[PDB]
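Under full-length UniProt numbering, read the sequence shown as residues 65 to 118, 126 to 229, first letter to last. Structure first, commentary second.
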Amino acid sequence: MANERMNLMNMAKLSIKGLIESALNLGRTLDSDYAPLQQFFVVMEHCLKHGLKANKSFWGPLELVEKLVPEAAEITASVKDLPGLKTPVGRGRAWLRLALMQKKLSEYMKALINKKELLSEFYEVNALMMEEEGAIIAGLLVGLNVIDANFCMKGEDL
Numbered sequence: 065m066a067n068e069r070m071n072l073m074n075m076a077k078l079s080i081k082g083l084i085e086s087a088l089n090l091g092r093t094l095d096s097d098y099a100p101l102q103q104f105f106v107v108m109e110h111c112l113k114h115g116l117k118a126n127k128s129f130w131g132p133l134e135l136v137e138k139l140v141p142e143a144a145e146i147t148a149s150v151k152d153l154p155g156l157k158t159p160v161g162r163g164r165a166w167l168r169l170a171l172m173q174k175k176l177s178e179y180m181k182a183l184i185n186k187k188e189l190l191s192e193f194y195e196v197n198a199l200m201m202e203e204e205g206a207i208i209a210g211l212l213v214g215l216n217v218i219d220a221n222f223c224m225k226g227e228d229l
């Protein structure tokens, strides 16, 4: 099960590389409908799913971040107090996108890998988040702190 952590990482380098470059070559705030950006989350999602156990999906591991990095308490409670967001995976995809904005996504991730004694509750013995690739990516996520994207959560004019 190492041929998967290898694909995911080299499937993250591109997703991350391409985004950081395009984003900088564009020079303007990114919107949700930005292919290179959405493609990142698709991958970022898969990476966090790989190795999960027993349905909070990857939303469960993310709920730990607040206890580790208090600076994350806010966005963690902003996805909960947000109607229209049913599924847990939804609270997860919503969480990531907010971190991308806070430019703290990289910090939260690192805060987890260095606490495997906690992930072991949601991930198998050797999930991407429990191995080397989990760090290589946590470090590449530092280049996304220069990403100024703005995602829409909801709106109502009636």
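Think of the CB as a built atom: it goes at the ideal place given N, C-alpha and C, for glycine as much as any other residue.
Host alpha helix (DSSP H) of residue i (start-end)
i: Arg69; result: 67-74
i: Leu153; result: Here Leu153 belongs to no alpha helix (DSSP H), and DSSP marks it neither H nor E.
i: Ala143; result: Neither: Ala143 is in no alpha helix (DSSP H) and is coded neither H nor E.
i: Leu176; result: 176-184
i: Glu204; result: 204-211
i: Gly214; result: Unbroken run through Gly214: none, as it is neither H nor E.
i: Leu167; result: 159-173
Cross-strand partners of residue i (DSSP beta bridge)
i: residue 120; result: Residue numbering in the chain breaks between 118 and 126, and residue 120 falls inside that break, so it has no position here.
i: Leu116; result: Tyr194
Residue i and residue j closer than 9 Å at C-beta
i: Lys174; j: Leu215; result: yes
i: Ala118; j: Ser177; result: no
i: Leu116; j: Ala198; result: yes
i: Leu88; j: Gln103; result: no
i: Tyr179; j: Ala143; result: yes
i: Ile218; j: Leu101; result: yes
Assigned secondary structure, residue i (DSSP; H/G/I helix, E/B strand, else coil)
i: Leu229; result: coil
i: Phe105; result: helix
i: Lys81; result: helix
i: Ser86; result: helix
i: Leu135; result: coil
When the Cβ atoms of the stretch 160-167 are set against those of the stretch 130-139, are three or more pairs found closer than 8 Å?
At 8 Å Cβ cutoff, the stretches touch.
Tell me whether the stretch 194-210 and the stretch 68-75 touch, counting them as touching only if at least three CB pairs, one residue from each stretch, are closer than 8 Å.
Contact holds: three or more Cβ-Cβ distances are below 8 Å.
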